[PDB]
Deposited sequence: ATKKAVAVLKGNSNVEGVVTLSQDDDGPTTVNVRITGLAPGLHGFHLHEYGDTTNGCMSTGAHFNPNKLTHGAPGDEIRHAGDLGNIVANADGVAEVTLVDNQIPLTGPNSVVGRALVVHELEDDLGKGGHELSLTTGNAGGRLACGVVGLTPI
């Protein structure tokens, strides 16, 4: 019943799209497609601020109302495509992640790419 999207870019080759969906206070479904990554595990995190005025560093710290989505895996071609299901990522209420940032890291759980979490049509 509620949806969000983040377009990831940064000072690097890495880019992609993340779509988030949640019904009520239920679990949040995260659909990840990120390209240009070095093969292997990459930390993938909610960060506190949807502030990209200074690249990905201006998004501040790992976000804790939880914010740890774990690793995503890039394949031999630098593509990470995966669907995660997380309970600690609300799109509504006081702890909404709307307007915050999604950040993908150089190393496993160095901010290669990020995007503001924005509203998108239901």
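No C-alpha positions are given in the record for the deposited-sequence stretches 1, 67-80, 125-141.
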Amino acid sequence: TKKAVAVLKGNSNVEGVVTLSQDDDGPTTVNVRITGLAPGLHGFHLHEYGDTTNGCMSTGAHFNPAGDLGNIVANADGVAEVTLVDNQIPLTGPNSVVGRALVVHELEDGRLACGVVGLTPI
From here on, numbers count along this sequence of modelled residues.
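A summary of the deposited B-factors shows that, of 86-94 and 50-58, the stretch with the larger mean C-alpha value is 86-94. Look at the C-alpha B-factors of 68-76 and of 29-37. On average they run higher in 68-76. Annotation for residue 114: CA B-factor lies in the lowest third of the chain's modelled residues. Among all modelled residues in this chain, the alpha-carbon of residue 14 has a temperature factor (C-alpha) in the middle third.
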